[PDB]
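Structure record follows, encoded as structure tokens.
The values are calculated or read from the model by the stated rules, or taken from the named source; these are not laboratory values. Every residue, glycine as well, gets a Cβ built from its backbone with ideal geometry; the counts of neighbours run over all protein chains shown.
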Amino acid sequence: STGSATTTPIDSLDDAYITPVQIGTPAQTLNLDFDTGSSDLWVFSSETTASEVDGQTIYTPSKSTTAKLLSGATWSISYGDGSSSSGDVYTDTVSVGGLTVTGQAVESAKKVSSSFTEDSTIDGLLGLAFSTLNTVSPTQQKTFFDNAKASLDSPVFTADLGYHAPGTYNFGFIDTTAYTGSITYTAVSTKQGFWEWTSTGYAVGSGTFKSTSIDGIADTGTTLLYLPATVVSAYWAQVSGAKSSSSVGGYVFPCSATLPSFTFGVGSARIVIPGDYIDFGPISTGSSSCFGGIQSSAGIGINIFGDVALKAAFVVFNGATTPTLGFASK
């Protein structure tokens, strides 16, 4: 089997991407944030505290003839941005772009933190990291990809995120029309439950490539590119007037600037992030200070190849017995 679904930016900055997902019988379609940095499929629901729902579409398990309470199971998750959610668990039929999994754990939110309530466009998350990170207790549950894998034509999914435009998540096949050149594959460590890999270095604009190993995660659920402070300083030093602002929470730059590109290495190959992809717009409405799309990971504990980086590439998440990642230009 295969599946193919369009993913759409939630706003004009590509802060996140939503993908329609069919849950239950008859189908209830919710727009989920596909997150290769986490491993829970959770949704706003009829069980979510009413004051914490503000415009989202909810899953109502009582209206699904295939929903079954997973007795005794609870979940609770906290994300790198400080947001969180928790609740109980159903199993139900879940389909993405024509690919169907029966018996998928659908984690129903009873509580969500303010940032989720405040984002009316995201109805939940669909985790695509390794199932060892799934938070369901006392019986850990498998991701949608893990459940579908054996049925797929090939044990892979691909992320093709757009810049200010829709893109595609494919399951079970590699669309050879969706990228240019060849796909360069690189080793993955699953020891932390992430799609963790080592970039071979970077360049800023037209500058020379610096060969240096940068361990990080391919994380579709993180907006920005978080890299070591040395690398980020070298990037922003090429932008007149850019500075790190403790009060804003990262590097800002004059909105009048033209940003240089940023290149990262994948083995001997190179992925170029155009400068425009690094502009996240005014820090507040009407400000001439703009927020940068490359930020320091120093306070995180891990480097994160988020959407800023991934949307410059066609990315293969290869879930073979030994997982690997593939990157192509597009």
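Going by what's in this entry, would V94 be described as in contact with a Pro (Cβ under 8 Å, 6 or more places away or on another chain), within 15 Å of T29 (Cβ to Cβ), crowded, with 16+ Cβ neighbours inside 10 Å and not charged (D, E, K, R)?
Here the answer is no, as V94 does not meet what is asked.
I need a count of the residues in segment 71-87 that are more than 27 Å from the chain's Cα centre (by Cα) and surrounded by 12 or more Cβ atoms within 10 Å (Cβ to Cβ).
0
State whether the residues of segment 121-140 include one that is part of a strand (DSSP E or B), of a type in the set (F, W, Y) and either in contact with a strand residue (DSSP E or B) (Cβ under 6 Å, 6 or more places away or on another chain) or buried (at least 16 other Cβ atoms within 10 Å of the Cβ) (or both).
The answer is no, given that none of the residues of segment 121-140 is part of a strand (DSSP E or B), of a type in the set (F, W, Y) and either in contact with a strand residue (DSSP E or B) (Cβ under 6 Å, 6 or more places away or on another chain) or buried (at least 16 other Cβ atoms within 10 Å of the Cβ) (or both).
Report, ordered by the first and then the second residue, all pairs with beta carbons closer than 6 Å, sequence separation of six or more or different chains, a first member in segment 13-31 that is closer than 18 Å to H164 by Cα, and a second member that is small (G, A, S).
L13/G281; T19/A5
Got a number for residues in segment 239-270 being in contact with a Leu (Cβ under 9 Å, 6 or more places away or on another chain) and under 30 Å from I183 (Cα atoms)?
Total satisfying the criteria: 3.
Residue-by-condition table, conditions (1) on the phi > 0 side of the Ramachandran plot; (2) in a helix (DSSP H, G or I); (3) in contact with a strand residue (DSSP E or B) (Cβ under 7 Å, 6 or more places away or on another chain):
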residue: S233; (1), (2), (3): no, yes, no
residue: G241; (1), (2), (3): yes, no, yes
residue: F280; (1), (2), (3): no, no, yes
residue: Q295; (1), (2), (3): no, no, yes
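Which of the following residues is in contact with a strand residue (DSSP E or B) (Cβ under 6 Å, 6 or more places away or on another chain), assigned by CATH to the domain that holds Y90 and surrounded by fewer than 18 Cβ atoms within 10 Å (Cβ to Cβ): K63, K68?
Numbers: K63 fails: in contact with a strand residue (DSSP E or B) (Cβ under 6 Å, 6 or more places away or on another chain).
So the residue among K63, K68 that is in contact with a strand residue (DSSP E or B) (Cβ under 6 Å, 6 or more places away or on another chain), assigned by CATH to the domain that holds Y90 and surrounded by fewer than 18 Cβ atoms within 10 Å (Cβ to Cβ) is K68.
One line per residue, one yes/no per condition, for (1) part of a loop (DSSP other than H, G, I, E, B); (2) surrounded by fewer than 19 Cβ atoms within 10 Å (Cβ to Cβ):
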| residue | (1), (2) |
| --- | --- |
| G216 | no, no |
| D276 | no, yes |
| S287 | yes, yes |
| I300 | yes, yes |
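Of all residues in segment 181-208, which are part of a loop (DSSP other than H, G, I, E, B) and either under 24 Å from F280 (Cα atoms) or outside the structural domain of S297 (by CATH) (or both)? Give the steps one after another, and end with the answer.
In the first step, residues of segment 181-208 are kept if they are part of a loop (DSSP other than H, G, I, E, B); the result is 181-183, 188, 190-195, 205-208.
Scanning segment 181-208 gives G205, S206, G207.
Conditions tested, residue by residue: (1) of a type in the set (A, V, I, L, M); (2) in contact (Cβ under 8 Å) with a residue 60 or more places away in the chain.
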residue: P61; (1), (2): no, no
residue: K68; (1), (2): no, no
residue: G87; (1), (2): no, no
residue: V94; (1), (2): yes, yes
residue: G98; (1), (2): no, yes
residue: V101; (1), (2): yes, no
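Outside the structural domain of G167 (by CATH), in a strand (DSSP E or B) and either basic (K, R) or farther than 23 Å from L161 by Cβ (or both): does that describe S211? Explain how you work it out, then say what you get.
Values: outside the structural domain of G167 (by CATH): yes; in a strand (DSSP E or B): yes; either basic (K, R) or farther than 23 Å from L161 by Cβ (or both): yes.
It is true that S211 is outside the structural domain of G167 (by CATH), in a strand (DSSP E or B) and either basic (K, R) or farther than 23 Å from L161 by Cβ (or both).
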